[PDB]
2 protein chains.
Amino acid sequence: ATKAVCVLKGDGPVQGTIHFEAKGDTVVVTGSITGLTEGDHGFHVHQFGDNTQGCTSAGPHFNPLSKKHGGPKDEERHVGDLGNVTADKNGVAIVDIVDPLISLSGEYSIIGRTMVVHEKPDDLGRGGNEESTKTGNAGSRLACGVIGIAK
Amino acid sequence: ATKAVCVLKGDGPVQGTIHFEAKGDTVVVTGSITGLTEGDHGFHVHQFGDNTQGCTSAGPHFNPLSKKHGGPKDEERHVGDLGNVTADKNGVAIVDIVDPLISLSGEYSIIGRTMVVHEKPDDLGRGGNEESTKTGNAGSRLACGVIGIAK
Ligand SMILES: [Cu+2]
Ligand SMILES: [Cu+2]
Ligand SMILES: [Zn+2]
Ligand SMILES: [Zn+2]
């Protein structure tokens, strides 16, 4: 696939539409998320595209290379670690990310996996505690969706 | 990869969970759908995993070999043509299918595409009008979900 899309939904008011486009050896991630509290919110690809138990069944961050959690510019990061999105005072986050590790084809393909936006900021593995190294202390999963193939 | 799952939802009461498992060289489809009217209901893989406009944005039947619509046992069918599921008087349809054209990897992969359950029976391409050769006259899309990777 060259293009993909994800619609984020949850039990609360958070919702959004994320688009993905392969460009060169990168994936361009664009879209918007609404209903968030102003400030930063962790934003990652989780391993499974299983929404049988809401966002909980999506599993942990996508990590085929068995690394610790980090920020997007770090060498030591999960393939799914896309850092944070930032909501404004009206609860709207505009997504504009370029990433070279996620892919829409091959081994690191995220098609069929789940995008999740979280309750708190991702501390990018620099939190000083053990949870920082696993999840970034991003807390709750507010909304998620399975990444599908788009036209 | 080897296992996939889809949660079907829509604007009505129809809901369901469908599991896919690669066994040997084929794909086994199992699960259940509830909230349906008694009788047969078309059940197909549609091309796009795009639920931005509900089930409408899933597009037509997945059809990489550019054939006309048919039943699952026909030579002339779309890869997405899985026939009908049958609901009992209580509105429950048990799904138990084995198909030789869909896959979970490669060119025929359905990961990231959309499973749809329709309002009316699929006539398996034998209705005699142009619409039969496209959709089986299965009608509206009652529920759908994007097919994701499962553990
Ligand atoms: Cu996450
Ligand atoms: Cu259909
Ligand atoms: Zn991570
Ligand atoms: Zn068809």
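Residue numbering restarts at 1 for every chain, and letters A, B, ... go by the order of the sequence lines.
Here the NE2 atom belonging to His46(A) is positioned 14.5 Å from the CD1 atom belonging to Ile149(B), to the nearest 0.5 angstrom. Between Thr17(A) atom OG1 and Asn51(B) atom CG the span is 10.5 Å, to the nearest 0.5 Å. The line from CG of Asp50(A) to NZ of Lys3(B) is 9.5 Å long, rounded to the nearest 0.5 Å.
The contact between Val7(B) and chain A is made entirely by side chain atoms (from C-beta outward), counting heavy-atom distances below 4.5 Å.
Cluster membership for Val5(B) and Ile18(B), using ILVMFWY side-chain heavy atoms within less than 4.5 angstrom, is not shared.
In this structure, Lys120(B) places its NZ atom where only 12 or fewer heavy-atom neighbours from other residues, nucleotides or ligands lie under 6.0 Å away. In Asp11(B), the CG atom is not crowded: 12 or fewer heavy atoms of neighbouring residues, nucleotides or ligands sit closer than 6.0 Å. Summarising the local packing, CD of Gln15(B) is surrounded by 12 or fewer heavy atoms from other residues, nucleotides or ligands at distances under 6.0 Å.
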